[PDB]
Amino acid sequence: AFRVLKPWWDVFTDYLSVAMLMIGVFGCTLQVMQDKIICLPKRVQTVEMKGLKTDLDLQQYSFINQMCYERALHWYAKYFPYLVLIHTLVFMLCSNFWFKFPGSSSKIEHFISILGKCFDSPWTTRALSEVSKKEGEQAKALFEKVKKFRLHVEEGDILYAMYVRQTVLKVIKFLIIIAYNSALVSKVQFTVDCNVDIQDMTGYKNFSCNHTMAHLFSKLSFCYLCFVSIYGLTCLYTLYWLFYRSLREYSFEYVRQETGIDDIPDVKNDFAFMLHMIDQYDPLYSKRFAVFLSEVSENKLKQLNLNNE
């Protein structure tokens, strides 16, 4: 269960990605509709009004429709949902990239596993009561496991760099999407002026067309712009949390003040970053883990077990 390492920003971005995927699917389903553009020629040949006889068949009208749809309608108004689909697929793929790496997942599972072993161990509350038979043996075994974790994960820094990389990719993708979508949202217009040269096939050269779902695609584009704006603000806050304080180091000095143990050291690198992650999830976990990190506390446990046996 990796949910303990998903902060509020990650969950919010995941739900925004789901919403954007819904928008893209709905837009594609709207694009499925056959009747897309409706074109009438220009300068066609109490008051009683009479209709203008354009003198065109239904097939001529359909030919004009497809000609003006291909050669007069802007490509954004025709391929916006597919771009939304591609962008949301990229967002979903690059939002789990820290989680689904081979070497990173094992470290994540090891950290959360031994941290849960802490959060369920009697020796943690026993150690707080010490500060303030079988369980002792399990305590000693878990303490060896904690030292194994220290020698196993603390060396590397793949997790922090990988998370920074995926956050930066999210930010730059958001910037590109916002820029080009805001630039091209003005091209989704209802009334279009089509000037294809099919005078030899139909008889007319200038047509006035209406894109029937141009209003719907404009609303969808504005909603997608709002969703991407919220996504990018969330990713910018993620970047700010990543770089406003050094996440490559974690100080246990708060536990040093709270817990009477001062042998508790300040771990670094991936240990520090994952401690910050679980602090975003639940700050009690790190405080309870600290009493297992220190080794003078291990000597105290060894003395207690020696006297008990």
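Throughout, we count residues from 1 along the sequence that is shown. We call the rigid core the largest set of C-alpha positions that still match within 1.5 Å between the two forms.
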query: Comparing 171-179 and 157-165 where Cα RMS over structures and residues is taken in 5 other deposited structures of this protein (core fit), larger one; finding: 157-165
query: Of 23-31 and 46-54, which departs more from this form in 5 other deposited structures of this protein by CA RMS after core fitting; finding: 46-54
query: Residue 119: gap in at least one third of other compared structures; finding: yes
query: Other compared entries missing residue 79, a third or more; finding: no
query: Where residue 132 meets residue 133 in the shown sequence, the number of deposited residues left unmodelled; finding: 10 or more
query: Interval residue 45-residue 46, deposited residues with no coordinates in the entry (none, 1 to 3, 4 to 9, 10 or more); finding: 10 or more
